[PDB]
């Protein structure tokens, strides 16, 4: 199965080599296309040529790539076209041990499989407190009735703590229960000029301390905090004090867009417009998956199938670009163009 994907990838990248009619192929390419096209035409009864010239030949080669991409991805598109009919036998073609795959394709699939099947630490994209319902004006005093220290969130990545003169307390629980961090990177600062409940300015005297797990931490320096050890603020000062604690970034085992090299650039390639046919085809193929059909996902995918499908579709887009096929898709209605940003934008519903 990983070999099946490695083969489809190998064949599609080889076809993207056919930029022109009379060019001379690197030997490696002809050896692969030869075997692949022969197995394919045999089990399918299509008549793909190794060096396409006419539009009909280009379409036919492109359809071979489409078949291979769908079979490796495990998708069955359904009747999307009067010109193309998916050949389920392609899976047999791709499982033939005689079709070789390249070192690049092999290594790329090993990556998809290796990272996708495990977990590892990664810098998450958004603010640690992005999913909060309430926020407090930054730098304005606020103490909850009966407490001497009150921590409150003032930004998507920030909290501020108000301390009564001489007060001390633990502040960690404000950070708990959200996300599932492995490490939280903090930097704390003295809020030098803040607003009192009444509206008048007040200063924070030097002398306030923040300690993590009992050890004293300087202000304005990154702190690696495990999220468990006690986060203790102490105002030894004889006046009210305010400190801000910023979560500069945190790491968890949720997958990000950096799980696979240049995943973002691949996703971008897949969701580009190109023209109405690609747009229609891409949409139709993605409808058979858990991926959005015309706009990049909000959260990065995290399973083998989604990642594979994106990689496979990105390569197919490149093949589309070099073969320039022309065929019909149900419900798609072409505009001669010559195609503009306005026209592209309108196609996204």
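Numbering follows the first chain given and starts at 1.
Comparing 222-230 with 123-131, the higher mean C-alpha B-factor in the PDB entry belongs to 222-230. As the entry records it, the average C-alpha temperature factor is higher for 34-42, out of 34-42 and 311-319.
Within the selection 276, 190, 178, 140, the deposited Cα B-factor values reach their highest point at 178. In the PDB entry, the Cα temperature factor peaks, among 85, 259, 164, 264, at 164. Among all modelled residues in this chain, the alpha-carbon of residue 214 has a temperature factor (C-alpha) in the highest third. When the modelled residues of the chain are ordered by C-alpha B-factor, residue 79 sits in the highest third. When the modelled residues of the chain are ordered by their C-alpha B factor, residue 17 lands in the middle third. Among the modelled residues of its chain, residue 280 has a C-alpha B-factor that falls in the lowest third, as given in the PDB entry. Among the modelled residues of its chain, residue 269 has a C-alpha B-factor that falls in the lowest third, as given in the PDB entry.
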